[PDB]
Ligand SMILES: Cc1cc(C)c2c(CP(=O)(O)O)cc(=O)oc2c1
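The data below hold one chain only, encoded as structure tokens and taken in the form deposited without the named molecule.
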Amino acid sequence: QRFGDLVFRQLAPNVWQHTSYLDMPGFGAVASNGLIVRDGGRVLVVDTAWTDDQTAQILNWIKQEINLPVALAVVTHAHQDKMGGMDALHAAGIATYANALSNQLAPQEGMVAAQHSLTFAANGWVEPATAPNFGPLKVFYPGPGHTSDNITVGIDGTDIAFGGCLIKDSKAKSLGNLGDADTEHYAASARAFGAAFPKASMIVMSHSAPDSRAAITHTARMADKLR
């Protein structure tokens, strides 16, 4: 339609969460979150919706609500929830980025790859040459947890960090879908995320409402029971 079926919640003066819902037989209405970030006179987008239509809606909300050009998007992992609307971005002329491993996994997940691949220093930090002018966006790769390619981003100046599918809600009873999980490293990855963004007080979840640092702690402890 025109942004009418996605939820957009203000999370900081310059940050908003986009939530869209899957409509697929055999599935419930499943929420997926990404972020929208105003960085001065430009917007940056973390993730897409399930479909191009939902993703197009996000662009419209930006256009109506913010009215600043959309400079880039990053996708945090390869699956329908975050990568589904890739082509909506390219159709719009938006430069997209993903972990190299993600772009390579996109086809086997039935998704279109981002235009550009991110490579990471052994630090776990993205190579500034592969992610030019990301501004406040700070991109960390903790290693394999929930999936092999899961990346996470921090938002400078807000004390918000986005954990992807990595961090589950502090009320989570399980780690969920351990199909692409890495049994051995999942606890260390979770904790490395926490050290990576030591100041962030709000942890945006992939599916649920934003949480505190306790979710990080909860996750790691659940993953200790994997080994």
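Between two forms, the rigid core is defined as the largest C-alpha subset superposing within 1.5 Å. Shifts are known only where both forms have a C-alpha. A residue's number is simply how far along the shown sequence it sits, counting from 1.
Another form exists, solved in complex with the named molecule; not displayed. Remarks below refer to it.
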item: Location of the named molecule contact in the deposited bound form, chosen stretch of 73-81, 123-131, 94-102, 153-161 [non-hydrogen atom, 4.5 Å]; value: 73-81
item: Within 4.5 Å of the named molecule in the deposited bound form, all of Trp50, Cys165 and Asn177 (non-hydrogen atom); value: yes
item: Selected contact from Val30, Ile66, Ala188, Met202, since only one has a non-hydrogen atom within 4.5 angstroms of the named molecule in the deposited bound form; value: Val30
item: 4.5 Å heavy atom contact, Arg213 to the named molecule in the deposited bound form; value: no
item: Sequence-ordered list of residues in 203-227 near the named molecule in the deposited bound form, where near means a heavy atom within 4.5 Å; value: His207
item: Rigid core fit then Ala209 CA moved by 2 Å or more between this form and the one not shown; value: no
item: Core-superposed comparison between this form and the one not shown, runs of at least 3 residues with CA shifts of 2 Å or more; value: 1-3, 23-27
